[PDB]
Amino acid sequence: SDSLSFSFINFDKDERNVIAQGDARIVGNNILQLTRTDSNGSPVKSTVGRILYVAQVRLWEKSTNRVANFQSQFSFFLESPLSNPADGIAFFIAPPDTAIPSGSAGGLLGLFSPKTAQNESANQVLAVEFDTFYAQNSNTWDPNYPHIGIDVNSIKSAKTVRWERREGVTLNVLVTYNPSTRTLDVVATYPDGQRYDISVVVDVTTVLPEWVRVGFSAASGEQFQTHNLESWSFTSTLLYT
């Protein structure tokens, strides 16, 4: 598998190529609703939902010293009646058998377990998070404001940028990885043009195994909001260093 690409303009309730985990489901109006809702569509507490694309990605190959580039383009929106809505949505990459960890319904975003969430040697997760909940006596690892972060085997982001959450508004995101510069970059844009950029140097060959799956995760703990993925397109190609 030297390359893979796919796109979802919207989401099909009869989709065949998506592994859904936890509370994730595709709605009648073709939106991927990651976190659980009640029967009126209102967000609920203590929920994780994730999706992965079914086909595995060859992220790198040691025998040929190849590493893949990738791009992930997606749009999402969040809704909540709360002044401190939680917890957030993330694009992520993990081993193919990745499953929702225990204790992840909350600030761990469905991605980490409490005992190991800040121990990089215990994890294999690369993620780009949109984090709306940052209370300093609880999400102690966060900066004290809403933020976009790049997470490298830890819920404490390697780097963040201050972000503004906008109730019901769709954010457009492009995540790219350049293996020649080992740079993971993120550009997020709201409809009025407000832009957010964050990037880190990261060697994926030390973070993740050779074969991975890619997808999204979201969670709510005591505070809550819906996490709605509208669309997603992904591409990856193995390249020589």
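For every residue, the number given is its place in the sequence shown, counted from 1.
- As the entry records it, the average C-alpha temperature factor is higher for 58-66, out of 180-188 and 58-66.
- Stretches 209-217 and 189-197 differ in mean C-alpha B factor, with the higher average recorded for 189-197.
- For the set 51, 48, 175, 26, the PDB entry assigns the largest Cα B-factor to 26.
- The residue among 132, 116, 153, 75 whose C-alpha atom has the highest B-factor in the PDB entry is 116.
- Per-chain ranking of the deposited C-alpha B factor places residue 30 in the middle third.
- Ranked against the other modelled residues of its chain, the C-alpha B-factor of residue 103 as given in the entry falls in the highest third.
- Ranked by Cα temperature factor within the chain, residue 109 sits in the lowest third according to the deposited record.
- The entry lists a Cα temperature factor for residue 5 that places it in the lowest third of the chain's modelled residues.
- Placement of the Cα temperature factor of residue 159 within the chain: highest third of the modelled residues, per the deposited record.
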